[PDB]
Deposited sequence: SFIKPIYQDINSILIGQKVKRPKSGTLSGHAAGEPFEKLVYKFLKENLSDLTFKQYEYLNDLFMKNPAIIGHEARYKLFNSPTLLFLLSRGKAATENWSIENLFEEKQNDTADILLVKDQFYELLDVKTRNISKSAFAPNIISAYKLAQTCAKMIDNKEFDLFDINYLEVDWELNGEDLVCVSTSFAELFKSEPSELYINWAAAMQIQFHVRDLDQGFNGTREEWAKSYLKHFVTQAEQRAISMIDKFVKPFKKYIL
């Protein structure tokens, strides 16, 4: 992780900051200032996901078309996580340019020497009761592991997280704490997948275990086994909860 090192400096620079308004339930602007720090202390590595695609496309003008522009990622896995649709890629131009999209996998992307660090910022209102937030689609992760195994890409990227905790005074959100964690350092089989919540894995960054000791490959195989098993159980529990209880009303 390129963020692990300066973490603490970013922790200390974040505590005290204030973003304006928990009615709308969004401490999202905190993401912006984390980027503010990273863009200064780590200039040539920090990219907003859309900013990175603009760059990859701007440094290869002779290359156009959705088919060729996709080849530029040189990784089916990286391609899957960061690329945009065919038309969006077919239509991209130095005059059109990608903007930010609600669907992007990561908030900030740190690249350096063919290596990527997908950073996703999480914001928690620590005043309220603990409720694990969506982290990432468990299905997206599933497909990603499949593509990792298939293509042997086990040293290309990591998916890390930064949890900015905040408290509200009267009319200003103030950061009280921060937390950092790595996805691939956790135990796969113990990642909670909430099927109803957009099949999102859910956990507070401050509570994720970081004791995984196997390899990146073993991680992906373990997770996949976990995913398949939970998928099977979900089907059974969907029957006991959404079918059996409503049988009497059916005639």
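According to the record, no C-alpha positions are given for deposited positions 22-27 alone, numbered from 1.
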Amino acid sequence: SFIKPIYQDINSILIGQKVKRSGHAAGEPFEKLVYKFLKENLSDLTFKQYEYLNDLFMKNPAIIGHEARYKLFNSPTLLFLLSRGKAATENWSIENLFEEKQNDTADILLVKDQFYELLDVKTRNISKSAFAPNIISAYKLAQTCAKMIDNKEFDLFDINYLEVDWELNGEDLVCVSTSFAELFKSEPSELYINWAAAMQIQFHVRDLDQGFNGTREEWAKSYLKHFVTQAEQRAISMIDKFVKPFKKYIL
From here on, numbers count along this sequence of modelled residues.
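The stretch 26-34 shows the higher mean C-alpha B-factor when 26-34 is compared against 197-205 in the entry.
Checked against the record, the higher mean CA B factor of 129-137 and 97-105 lies with 97-105. Based on the entry's C-alpha B-factors, the most elevated value among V243, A231, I236, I10 belongs to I10. Compared with the other modelled residues of the chain, the Cα B-factor recorded for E171 ranks in the highest third. In this PDB entry, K185 carries a Cα temperature factor that places it within the middle third of its chain's modelled residues.
In the deposited entry, the Cα temperature factor of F212 sits in the middle third of values across the chain's modelled residues.
When all modelled residues of the chain are sorted by CA temperature factor, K225 is found within the lowest third. Placement of the Cα temperature factor of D150 within the chain: middle third of the modelled residues, per the deposited record.
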